[PDB]
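One chain is shown next in C-alpha coordinates, namely the form deposited in one PDB entry.
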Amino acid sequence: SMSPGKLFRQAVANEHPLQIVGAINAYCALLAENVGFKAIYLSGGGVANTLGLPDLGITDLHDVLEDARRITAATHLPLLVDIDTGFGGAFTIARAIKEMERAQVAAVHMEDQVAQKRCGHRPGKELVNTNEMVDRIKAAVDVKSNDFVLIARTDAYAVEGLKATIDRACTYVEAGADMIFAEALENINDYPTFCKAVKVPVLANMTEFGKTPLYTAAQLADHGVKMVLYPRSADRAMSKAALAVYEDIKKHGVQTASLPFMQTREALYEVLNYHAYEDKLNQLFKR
(Lines give C-alpha, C1' and ligand atoms only; values in the text may rest on other atoms or scores of the structure.)
Protein backbone atom coordinates (compact mmCIF):
# COMPACT_ATOMS: atom_id res chain seq x y z
CA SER A 1 0.00 0.00 0.00
CA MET A 2 1.35 3.43 0.93
CA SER A 3 4.47 3.56 3.08
CA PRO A 4 5.00 6.67 5.27
CA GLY A 5 8.24 7.49 3.41
CA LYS A 6 6.42 7.14 0.07
CA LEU A 7 3.55 9.40 1.20
CA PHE A 8 6.17 12.02 2.14
CA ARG A 9 8.01 11.67 -1.21
CA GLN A 10 4.68 11.96 -3.03
CA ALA A 11 3.52 14.95 -1.05
CA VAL A 12 6.85 16.67 -1.76
CA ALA A 13 6.21 16.07 -5.45
CA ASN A 14 2.53 16.88 -5.95
CA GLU A 15 2.51 19.94 -3.66
CA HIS A 16 4.01 23.26 -4.74
CA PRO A 17 5.46 23.80 -2.31
CA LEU A 18 4.76 21.28 0.44
CA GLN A 19 3.84 23.11 3.64
CA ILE A 20 4.97 21.14 6.71
CA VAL A 21 3.56 22.29 10.05
CA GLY A 22 5.03 21.59 13.48
CA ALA A 23 2.70 19.78 15.86
CA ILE A 24 3.92 19.21 19.41
CA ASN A 25 1.43 16.44 20.22
CA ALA A 26 -1.18 14.16 18.67
CA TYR A 27 -4.09 16.53 19.13
CA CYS A 28 -2.20 19.32 17.30
CA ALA A 29 -1.49 16.81 14.51
CA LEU A 30 -5.25 16.18 14.23
CA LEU A 31 -5.93 19.94 14.05
CA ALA A 32 -3.31 20.27 11.27
CA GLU A 33 -4.91 17.32 9.48
CA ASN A 34 -8.36 18.90 9.85
CA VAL A 35 -7.05 22.15 8.29
CA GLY A 36 -5.80 20.04 5.37
CA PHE A 37 -2.02 19.99 5.72
CA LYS A 38 -0.34 17.19 3.81
CA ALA A 39 2.67 16.70 6.10
CA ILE A 40 3.46 17.36 9.76
CA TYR A 41 6.62 17.91 11.76
CA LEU A 42 8.08 17.06 15.17
CA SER A 43 10.53 19.80 16.15
CA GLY A 44 13.57 18.82 18.26
CA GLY A 45 13.46 22.10 20.16
CA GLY A 46 9.71 21.60 20.50
CA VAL A 47 10.34 18.22 22.14
CA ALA A 48 12.83 19.75 24.58
CA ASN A 49 10.89 22.94 25.36
CA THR A 50 7.62 21.03 25.85
CA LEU A 51 9.56 19.00 28.47
CA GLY A 52 10.54 22.31 30.09
CA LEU A 53 14.14 21.97 28.81
CA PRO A 54 16.28 24.29 26.62
CA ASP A 55 17.15 23.18 23.10
CA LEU A 56 20.73 22.33 24.11
CA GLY A 57 20.87 18.66 22.97
CA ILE A 58 19.85 17.33 26.40
CA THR A 59 17.08 15.15 24.92
CA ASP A 60 17.82 11.74 23.37
CA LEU A 61 16.32 9.30 20.87
CA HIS A 62 13.74 8.13 23.44
CA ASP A 63 12.38 11.62 24.09
CA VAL A 64 11.75 12.27 20.42
CA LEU A 65 10.66 8.72 19.63
CA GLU A 66 7.93 8.75 22.29
CA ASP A 67 6.45 12.01 20.99
CA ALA A 68 6.69 10.70 17.44
CA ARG A 69 4.94 7.44 18.36
CA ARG A 70 2.16 9.40 20.00
CA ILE A 71 1.55 11.40 16.82
CA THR A 72 1.75 8.49 14.37
CA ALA A 73 -0.68 6.47 16.50
CA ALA A 74 -3.33 9.14 15.91
CA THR A 75 -2.66 9.99 12.23
CA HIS A 76 -1.27 8.50 8.99
CA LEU A 77 -0.32 11.97 7.77
CA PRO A 78 3.42 11.73 6.87
CA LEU A 79 5.57 12.92 9.75
CA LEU A 80 9.05 14.46 9.51
CA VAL A 81 11.12 14.25 12.70
CA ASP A 82 14.10 16.31 13.83
CA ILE A 83 16.82 13.88 14.98
CA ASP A 84 19.44 16.62 15.63
CA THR A 85 22.86 15.07 14.93
CA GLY A 86 21.54 11.51 15.37
CA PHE A 87 22.17 11.18 19.15
CA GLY A 88 25.59 9.53 18.78
CA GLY A 89 27.91 7.57 16.48
CA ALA A 90 27.18 5.21 13.58
CA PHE A 91 25.15 2.62 15.47
CA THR A 92 23.06 5.14 17.40
CA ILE A 93 22.24 6.81 14.09
CA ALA A 94 21.30 3.40 12.73
CA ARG A 95 19.11 2.74 15.79
CA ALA A 96 17.42 6.13 15.35
CA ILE A 97 16.57 5.39 11.73
CA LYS A 98 15.29 1.89 12.45
CA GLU A 99 13.20 3.02 15.43
CA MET A 100 11.70 5.96 13.50
CA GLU A 101 10.72 3.51 10.74
CA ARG A 102 9.12 1.18 13.29
CA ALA A 103 7.23 4.19 14.69
CA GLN A 104 5.75 4.79 11.19
CA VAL A 105 7.75 8.05 10.75
CA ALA A 106 8.10 9.15 7.10
CA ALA A 107 11.24 11.28 7.22
CA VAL A 108 13.97 12.51 9.55
CA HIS A 109 16.37 15.41 9.43
CA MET A 110 19.91 15.20 10.67
CA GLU A 111 22.36 18.12 10.73
CA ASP A 112 26.06 18.99 10.38
CA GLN A 113 26.54 20.52 13.84
CA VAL A 114 29.25 19.31 16.25
CA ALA A 115 28.11 17.03 19.09
CA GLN A 116 31.44 15.83 20.54
CA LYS A 117 32.11 18.43 23.20
CA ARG A 118 33.73 18.54 26.65
CA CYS A 119 31.39 18.21 29.64
CA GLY A 120 31.24 21.99 30.30
CA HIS A 121 31.30 23.23 26.67
CA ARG A 122 29.11 26.29 26.06
CA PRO A 123 26.09 26.39 23.65
CA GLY A 124 27.42 26.88 20.10
CA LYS A 125 26.60 26.70 16.38
CA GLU A 126 29.81 25.01 15.20
CA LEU A 127 29.89 22.77 12.12
CA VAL A 128 31.59 19.39 11.72
CA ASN A 129 33.87 18.91 8.70
CA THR A 130 32.10 17.74 5.51
CA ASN A 131 33.61 14.26 5.95
CA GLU A 132 32.20 13.74 9.46
CA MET A 133 28.70 14.58 8.17
CA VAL A 134 29.24 12.25 5.22
CA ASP A 135 29.94 9.47 7.74
CA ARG A 136 26.71 10.29 9.60
CA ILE A 137 24.74 10.10 6.35
CA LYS A 138 26.33 6.79 5.34
CA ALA A 139 25.47 5.29 8.76
CA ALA A 140 21.82 6.27 8.27
CA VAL A 141 21.56 5.22 4.62
CA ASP A 142 23.07 1.81 5.40
CA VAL A 143 19.95 0.80 7.35
CA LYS A 144 17.16 2.87 5.86
CA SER A 145 14.45 1.48 3.61
CA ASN A 146 14.23 2.93 0.10
CA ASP A 147 11.03 4.88 0.79
CA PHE A 148 12.14 6.42 4.09
CA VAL A 149 13.42 9.96 3.60
CA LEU A 150 16.72 11.18 5.02
CA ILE A 151 17.04 14.96 4.99
CA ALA A 152 20.49 16.42 5.46
CA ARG A 153 20.31 19.75 7.25
CA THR A 154 23.18 22.16 6.86
CA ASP A 155 23.71 25.09 9.22
CA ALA A 156 26.67 26.32 7.18
CA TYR A 157 25.07 29.22 5.27
CA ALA A 158 25.22 31.51 8.31
CA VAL A 159 28.90 30.69 8.92
CA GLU A 160 30.42 29.89 5.51
CA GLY A 161 28.19 31.65 2.95
CA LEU A 162 26.25 30.34 -0.04
CA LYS A 163 29.06 28.68 -2.01
CA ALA A 164 30.53 26.56 0.81
CA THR A 165 26.92 25.64 1.66
CA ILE A 166 26.21 24.42 -1.87
CA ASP A 167 29.47 22.44 -1.73
CA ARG A 168 28.55 20.66 1.52
CA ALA A 169 24.99 20.01 0.35
CA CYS A 170 26.07 18.41 -2.92
CA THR A 171 28.52 16.09 -1.13
CA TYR A 172 25.68 15.23 1.28
CA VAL A 173 23.45 14.20 -1.63
CA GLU A 174 26.17 11.97 -3.06
CA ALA A 175 26.67 10.41 0.40
CA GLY A 176 23.04 9.25 -0.02
CA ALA A 177 20.90 12.07 1.49
CA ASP A 178 17.51 12.17 -0.24
CA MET A 179 16.73 15.87 0.36
CA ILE A 180 18.27 19.03 1.76
CA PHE A 181 17.29 21.35 4.64
CA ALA A 182 18.69 24.87 4.96
CA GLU A 183 17.71 27.91 7.03
CA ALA A 184 15.72 30.57 5.14
CA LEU A 185 18.25 32.22 2.86
CA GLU A 186 18.90 35.94 3.49
CA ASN A 187 17.93 36.74 -0.08
CA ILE A 188 15.19 34.85 -1.93
CA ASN A 189 17.23 35.29 -5.14
CA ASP A 190 19.93 33.02 -3.68
CA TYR A 191 17.41 30.16 -3.90
CA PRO A 192 17.23 29.32 -7.67
CA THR A 193 21.04 28.97 -7.67
CA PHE A 194 21.00 26.87 -4.48
CA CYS A 195 18.16 24.60 -5.62
CA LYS A 196 19.43 23.92 -9.14
CA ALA A 197 22.94 23.16 -7.79
CA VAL A 198 21.71 20.51 -5.33
CA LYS A 199 18.97 19.15 -7.64
CA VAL A 200 17.23 17.19 -4.85
CA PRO A 201 14.10 18.72 -3.16
CA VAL A 202 15.07 21.59 -0.84
CA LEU A 203 13.46 22.66 2.46
CA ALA A 204 13.34 26.28 3.64
CA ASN A 205 12.91 26.73 7.39
CA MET A 206 10.39 29.49 8.21
CA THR A 207 11.16 30.14 11.89
CA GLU A 208 9.92 33.21 13.77
CA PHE A 209 11.91 35.68 15.88
CA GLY A 210 15.18 34.40 14.35
CA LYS A 211 17.95 36.02 12.28
CA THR A 212 16.26 34.87 9.07
CA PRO A 213 13.19 36.41 7.31
CA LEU A 214 9.76 35.12 6.24
CA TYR A 215 8.61 34.60 2.66
CA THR A 216 5.31 33.22 1.37
CA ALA A 217 4.97 29.62 0.15
CA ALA A 218 4.28 30.78 -3.43
CA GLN A 219 7.35 33.05 -3.29
CA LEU A 220 9.63 30.23 -2.09
CA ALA A 221 8.23 27.75 -4.66
CA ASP A 222 8.83 30.29 -7.46
CA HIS A 223 12.49 30.38 -6.39
CA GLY A 224 12.84 26.57 -6.65
CA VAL A 225 12.00 25.49 -3.04
CA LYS A 226 9.88 22.32 -2.68
CA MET A 227 9.31 22.23 1.09
CA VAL A 228 8.47 24.99 3.54
CA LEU A 229 8.64 24.19 7.25
CA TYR A 230 6.81 26.01 10.05
CA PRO A 231 8.58 24.37 12.98
CA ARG A 232 7.17 26.16 16.05
CA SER A 233 4.40 28.46 14.77
CA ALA A 234 1.41 26.80 16.47
CA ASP A 235 3.38 26.07 19.66
CA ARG A 236 4.25 29.76 20.19
CA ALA A 237 0.57 30.73 19.85
CA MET A 238 -0.51 27.91 22.16
CA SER A 239 1.88 29.23 24.82
CA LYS A 240 0.54 32.79 24.62
CA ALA A 241 -3.05 31.48 24.86
CA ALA A 242 -2.24 29.27 27.87
CA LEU A 243 -0.41 32.04 29.72
CA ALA A 244 -3.36 34.39 29.11
CA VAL A 245 -5.81 31.87 30.60
CA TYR A 246 -3.57 31.36 33.63
CA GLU A 247 -3.23 35.14 34.13
CA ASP A 248 -7.02 35.53 33.79
CA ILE A 249 -7.78 32.87 36.39
CA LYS A 250 -5.20 34.28 38.79
CA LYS A 251 -6.37 37.89 38.45
CA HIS A 252 -10.12 37.38 38.29
CA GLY A 253 -10.61 34.19 40.33
CA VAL A 254 -12.60 32.64 37.43
CA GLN A 255 -12.03 31.87 33.72
CA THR A 256 -15.05 33.82 32.42
CA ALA A 257 -12.98 36.31 30.37
CA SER A 258 -11.14 33.43 28.62
CA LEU A 259 -14.25 31.53 27.45
CA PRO A 260 -14.46 33.39 24.06
CA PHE A 261 -10.89 32.22 23.38
CA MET A 262 -11.50 28.49 23.98
CA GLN A 263 -12.21 25.82 21.39
CA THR A 264 -15.82 24.64 21.95
CA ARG A 265 -16.53 21.15 23.34
CA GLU A 266 -18.39 20.52 20.08
CA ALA A 267 -15.31 21.37 17.99
CA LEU A 268 -13.12 19.23 20.28
CA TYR A 269 -15.47 16.25 19.84
CA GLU A 270 -15.35 16.72 16.06
CA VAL A 271 -11.55 16.84 15.92
CA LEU A 272 -11.41 13.68 18.06
CA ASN A 273 -13.97 12.13 15.68
CA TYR A 274 -15.97 11.19 18.78
CA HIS A 275 -19.13 10.27 16.86
CA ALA A 276 -17.34 7.48 14.99
CA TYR A 277 -16.67 5.79 18.36
CA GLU A 278 -20.38 5.82 19.23
CA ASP A 279 -21.28 4.59 15.71
CA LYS A 280 -18.65 1.83 15.91
CA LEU A 281 -20.21 0.34 19.07
CA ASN A 282 -23.66 0.50 17.44
CA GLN A 283 -22.28 -1.05 14.23
CA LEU A 284 -20.70 -4.04 16.05
CA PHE A 285 -22.78 -4.83 19.15
CA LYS A 286 -26.31 -4.49 20.54
CA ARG A 287 -27.93 -3.75 23.93
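By rigid core we mean the largest C-alpha set that fits within 1.5 Å across both forms. Numbers for residues come from their place in the sequence shown, where the first is 1.
Figure legend: residue 102 is marked as modelled in all of the other comparable entries of the protein, none of which omit it, let alone a third.
Residue 122 is a gap in at least a third of the other entries compared, counting only those with both neighbours built.
Annotation for 54-62 versus 24-32: the higher mean temperature factor (C-alpha) is found in 54-62.
Look at the mean CA B-factor for 246-254 and for 220-228 in the entry; the higher one is 220-228.
Highest C-alpha temperature factor among 100, 71, 94, 159, as the PDB entry reports it: 159. Per the deposited record, 114 carries the highest C-alpha B-factor of all listed residues (114, 90, 80, 137). The deposited CA B-factor of residue 104 belongs to the lowest third of values across its chain. Looking at the C-alpha B-factors along this chain, the one for residue 16 belongs to the highest third. Ranked by Cα temperature factor within the chain, residue 182 sits in the highest third according to the deposited record. In the deposited entry, the Cα temperature factor of residue 151 places it in the lowest third of its chain's modelled residues.
Not on display, but discussed next: the form deposited in another entry.
Once you line up the core between the shown form and the other one, the CA of 117 is the only one from 199, 117, 102, 76 that shifts by 2 Å or more.
After superposing the rigid core, the C-alpha of residue 278 moves by 2 Å or more between the shown form and the other one. The pair residue 94 and residue 123 is looser in that other deposited form: their Cα-Cα distance rises by no less than 3 Å compared with this form. Note on residue 62 and residue 124: their C-alpha atoms are more widely spaced in that other deposited form, a change of at least 3 Å from this conformation.
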